Protein chains: 2
Amino acid sequence: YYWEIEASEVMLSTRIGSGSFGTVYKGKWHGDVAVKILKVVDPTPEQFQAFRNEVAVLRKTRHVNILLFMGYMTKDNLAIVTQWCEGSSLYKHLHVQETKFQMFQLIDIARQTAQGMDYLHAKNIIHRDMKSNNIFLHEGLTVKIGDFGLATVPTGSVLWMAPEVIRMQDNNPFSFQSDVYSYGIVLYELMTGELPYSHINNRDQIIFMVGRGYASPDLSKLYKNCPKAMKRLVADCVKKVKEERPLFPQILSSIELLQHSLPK
Amino acid sequence: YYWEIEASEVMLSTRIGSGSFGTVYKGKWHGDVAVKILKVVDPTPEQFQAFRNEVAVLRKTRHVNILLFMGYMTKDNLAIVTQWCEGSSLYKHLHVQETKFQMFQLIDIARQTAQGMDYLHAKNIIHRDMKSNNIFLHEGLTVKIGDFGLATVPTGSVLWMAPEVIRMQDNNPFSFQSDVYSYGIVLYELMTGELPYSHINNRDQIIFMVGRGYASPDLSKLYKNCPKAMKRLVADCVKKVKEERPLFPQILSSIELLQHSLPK
Ligand SMILES: O/N=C1\CCc2cc(-c3cn(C4CCNCC4)nc3-c3ccncc3)ccc21
Ligand SMILES: O/N=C1\CCc2cc(-c3cn(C4CCNCC4)nc3-c3ccncc3)ccc21
């Protein structure tokens with residue numbers, strides 16, 4: 001049942017960026033595949049396990065909303081192969097290239113986001129990292145979550161960070177709801193078309209700010225065609241207090257009912 | 001890990017049809033899912049092994065062109081769950097609903113169903129059964145290959161059967177080329193929009209005639225839009241003789257080649 005590709009069957013084309021312990025390419029294997037490579041010479045004992053970690057988590061993910069893991073390879077550097085997806089990251093669509101997504105399916109993006117998030121959590125999986133960078137879009141039609149570099153059972157990306165986790169507490173800040181906050185940011189991003197804490201400029205300050213209970217996100221700005229129960233859902237999820245947040249086995253269920261209403 | 005879905009987590013709506021040793025349903029499990037159930041009250045020891053062999057096959061196919069196997073269920077009927085695809089099987093689109101697919105992408109359907117078929121051949125998988133009834137189409141894009149109920153290491157769907165296999169010879173007629181042959185009929189189906197030998201009506205005479213190499217499929221039927229290189233490929237795959245047929249690694253790259261000579 002080895003999901004390792006027999007030596008050198010993979011091709012690798014140009015770089016597309018970076019991420020969590022690697023680099024990404026538009027390589028070939030039985031078709032088009034997205035591939036993460038080490039890009040290092042020798043493997044660290046901690047990196048060894050960081051690789052072997054992401055493998056065992058992705059091996060658990062057979063789902064139509066989770067980036068389909070296809071194979072791995074320790075020979076010729078450490079590598080992770082998934083399905084290639086035509087289109088771009090949700091971050092690009094929203095902030096880099098400014099795509100005016102229509103509400104009808106602007107919520108359908110959030111649907112599929114939770115569709116997969118529910119699957120992960122119910123199957124023990126934590127995402128930790130999250131972001132809307134990791135919401136890779138298939139054809140502008142199917143949502144797939146990728147890069148499980150920080151998942152379980154020194155640079156960062158402060159924004160999709162639960163205050164509790166920003167503080168640093170007890171070796172175990174990351175939890176179910178710690179994903180749900182980061183997801184709440186994604187909902188917000190869709191509803192606003194821009195990043196949280198936009199009009200400032202001090203990354204270092206934000207860390208302390210939200211991580212102490214000051215810089216709550218500005219709900220009062222968002223596209224006016226937003227549902228009345230959506231603000232309610234963005235609010236419930238982005239809530240500062242930990243256990244006060246709602247779990248995914250009720251997030252999407254509260255969404256797929258509101259998807260019925262706005263059509264008119 | 002064990003793709004066993006804990007009993008009663010699944011849900012099952014109206015029927016979709018039959019085939020492959022059960023009954024097909026649109027269901028729910030972290031979202032929409034295609035479900036093949038047993039329906040039988042007491043499971044057969046010959047079926048028991050037919051089920052488990054099917055699941056052992058699906059356990060090795062993480063591909064964008066193979067119907068993403070999601071899980072199974074032994075408790076409360078024997079069941080298999082896989083990704084739902086809004087939009088129908090090709091057999092319908094082509095012979096039942098008669099959708100007017102343009103050549104630009106008619107070959108793009110063919111490229112994918114080879115893209116997929118190559119992967120299995122390479123990863124040890126023989127399909128045995130290979131219908132246009134099995135080629136499930138994701139809306140208008142993404143070709144994903146159907147169930148493996150037969151696929152290995154009373155109702156027969158003749159038409160997509162290599163002469164050698166219609167005959168029966170040595171308990172071992174099903175092979176690589178066998179899959180390739182039936183794929184060629186799928187090519188014929190695409191290029192004609194018609195079933196093979198559609199202008200007779202004696203199933204139990206086609207069986208003999210093709211089985212003894214008298215009833216060759218009519219190549220002089222394909223549309224005018226069809227490429228000259230394509231008609232060559234169909235013929236090479238619809239070769240009566242076993243060893244004369246070309247293997248998938250070759251087929252795929254041969255179609256890839258010709259696909260970017262069409263645009264004009
Ligand atoms: O294991 N790590 C992996 C596996 C697949 C994978 C893909 C990416 C990835 C990075 N980008 C770009 C987009 C442009 N701006 C900079 C980032 N796009 C993708 C991508 C992924 C899947 N399908 C299509 C595209 C990153 C990491 C990993
Ligand atoms: O494991 N084998 C499986 C699992 C699910 C599964 C579904 C089908 C299947 C049979 N049909 C009909 C439809 C009416 N016309 C004749 C064919 N439609 C589907 C179908 C495919 C994908 N998504 C939803 C439904 C076949 C096999 C298997």
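All of this is worked out from the model, or read from it or from the source named; these are not laboratory values. Reconstructed Cβ throughout: ideal geometry from the backbone, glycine too, with neighbour counts over all protein chains shown.
Here are the numbers for the structure shown:
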| quantity | calculated |
| --- | --- |
| Some residue of region B:17-28 being more than 11 Å from ligand 2 (Cβ to nearest atom) and over 18 Å from B:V143 (Cα atoms) | yes |
| The one condition in (1) of a type outside the set (D, E, K, R); (2) within 16 Å of ligand 2 (Cβ to nearest atom); (3) assigned to a helix (DSSP H, G or I) that A:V64 fails to fulfil | (3) |
| Every residue from region B:30-51 that is farther than 15 Å from B:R15 by Cβ and surrounded by 20 or more Cβ atoms within 10 Å (Cβ to Cβ) | B:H30, B:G31, B:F51 |
| From A:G22, A:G27, A:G31, residue being touching a helix residue (DSSP H, G or I) at 6+ places or on another chain (Cβ under 6 Å) and within 13 Å of ligand 1 (Cβ to nearest atom) | A:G31 |
| Residue that is nearest to the other protein chains (Cβ to nearest Cβ) [pool: residues in region B:67-81 that are out of contact with any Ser or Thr (no Cβ under 8 Å at 6 or more places or on another chain) and assigned to a strand (DSSP E or B)] | B:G71 |
| Tabulated pairs, region B:39-67, first within 25 Å of B:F136 (Cβ to Cβ), second within 16 Å of ligand 1 (Cβ to nearest atom) and acidic (D, E), C-beta under 9 angstrom, 6+ apart or interchain | B:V64/A:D32 |
| So B:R52, is it within 19 Å of A:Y1 (Cβ to Cβ), more than 15 Å from ligand 2 (Cβ to nearest atom) and not hydrophobic (A, V, I, L, M, F, W, C) | no |
| Long-range neighbours under 9 Å by Cβ, at least six apart or interchain, first residue more than 10 Å from chain A (Cβ to nearest Cβ) and of a type in the set (A, V, I, L, M) within region B:109-134, second within 14 Å of ligand 2 (Cβ to nearest atom) and assigned to a helix (DSSP H, G or I) | B:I109/B:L90; B:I125/B:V57 |
| Inter-residue pairs, beta-carbon under 8 Å, first closer than 17 Å to B:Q97 by Cβ and in region B:184-209, second among the basic types (K, R), 6+ apart | B:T192/B:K221; B:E194/B:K221 |
| Given (1) under 19 Å from the mean Cα position of the chain (by Cα); (2) assigned by CATH to the domain that holds A:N124, number of the condition A:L67 does not satisfy | (2) |
| Qualifying residue in region A:146-158 (condition: within 16 Å of ligand 2 (Cβ to nearest atom), assigned to a strand (DSSP E or B), among the polar types (S, T, N, Q) and not assigned by CATH to the domain that holds A:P45) | no |
| Single condition B:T113 does not satisfy, out of (1) surrounded by 21 or more Cβ atoms within 10 Å (Cβ to Cβ); (2) of a type outside the set (F, W, Y); (3) more than 14 Å from the chain's Cα centre (by Cα); (4) more than 10 Å from ligand 2 (Cβ to nearest atom) | (3) |
| Complete set of residues in region B:34-79 that are touching a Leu at 6+ places or on another chain (Cβ under 7 Å), more than 25 Å from B:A122 (Cβ to Cβ) and of a type in the set (F, W, Y) | B:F51 |
| Complete set of residues in region A:138-157 that are within 14 Å of another protein chain (Cβ to nearest Cβ), buried (at least 20 other Cβ atoms within 10 Å of the Cβ) and of a type in the set (A, V, I, L, M) | A:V143, A:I145 |
| Residue satisfying condition, being among the aliphatic types (A, V, I, L, M), assigned by CATH to the domain that holds A:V238 and out of contact with any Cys (no Cβ under 9 Å at 6 or more places or on another chain), within set A:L137, A:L120 | A:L120 |
| Which numbered condition A:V57 fails, given (1) in a helix (DSSP H, G or I); (2) more than 15 Å from ligand 1 (Cβ to nearest atom) | (2) |
| Test: residue in region B:49-56 that is out of contact with any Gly (no Cβ under 7 Å at 6 or more places or on another chain) and either basic (K, R) or in the same structural domain as B:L222 (by CATH) (or both) | yes |
| Residue satisfying all of: in region B:82-141; of a type in the set (D, E) and in a helix (DSSP H, G or I); nearest to ligand 1 (Cβ to nearest atom) among these | B:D108 |
| Residue under evaluation B:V35, criteria (1) within 30 Å of A:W84 (Cα to Cα); (2) within 13 Å of chain A (Cβ to nearest Cβ), criterion not met | (2) |
